[PDB]
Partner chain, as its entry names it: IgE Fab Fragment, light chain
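Only one chain is shown below, in structure tokens, and it's the form deposited without its partner chain.
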């Protein structure tokens, strides 16, 4: 159900180092335990010359932090990509300045609170209230029910432990 998208996105310009500052989901179970489905920690974004998106992240799987590699396929809309996987999962870029934050959402393309998850990406292991403001504003319309935030020390650890 996400209604915000970044106009004139330059997907080449969001490459490099990112930290998952905060996370929010429509249902508590998507982010609840350490091995929840959308409880992922993004490490780096590597956009393909063909404007695709190679995504590096950590995800707590079977009692330990495992580095993952996912591909987001480009789409006729430049802020929306499709993850190459089952049950179709769309990735929407809401807003970014490329150099400080990146607001994106994740939705099992079925409905709003159906299966929704969003994050606040920031380039540094600092908490950025500016980015978090915008993060919560953007989500204000969304049926979010769980919301995480991490501290600098946590951001420098695998799986934010």
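Numbering follows the first chain given and starts at 1. For the two forms, the rigid core is made up of the largest set of C-alpha atoms that agree within 1.5 Å on superposition. Shifts are known only where both forms have a C-alpha.
Below, we turn to the form deposited with its partner chain bound, even though it does not appear here.
Novice: Taking any heavy atom pair closer than or equal to 4.5 Å as contact, tell me whether residue 67 reaches its partner chain in the deposited complex.
Specialist: Yes, contact at 4.5 Å.
Novice: Any chance residue 52 has a heavy atom within 4.5 Å of its partner chain in the deposited complex?
Specialist: Because no heavy atom of residue 52 falls inside 4.5 Å of its partner chain in the deposited complex, the answer is no.
Novice: Contact with its partner chain in the deposited complex for residue 158, defined as at least one heavy atom pair within 4.5 Å: yes or no?
Specialist: Yes - in the deposited complex, heavy atoms of residue 158 and its partner chain come within 4.5 Å of each other.
Novice: Even though its partner chain is not shown here, does residue 96 get within 4.5 Å of it in the deposited complex, heavy atoms only?
Specialist: Residue 96: no, not in contact with its partner chain in the deposited complex.
Novice: Can you list, in sequence order, the residues from 17-52 that come within 4.5 Å of its partner chain in the deposited complex, counting heavy atoms only?
Specialist: Contacting residues: 44, 46.
Novice: Core fitted between the shown form and the other one: which of 97, 61, 44, 111 shows a C-alpha shift of 2 angstroms or more?
Specialist: The listed residue whose C-alpha shifts by at least 2 Å is 111.
Novice: Are residue 62 and residue 110 closer or farther apart at the Cα level in the deposited complex than shown, by 3 Å or more?
Specialist: So the answer is closer.
Novice: Superposed on the rigid core, which segments of at least three residues move by 2 angstroms or more at the Cα between the shown form and the other one?
Specialist: Run 109-114 stands out as the only one displaced between the shown form and the other one - at least 3 residues long.
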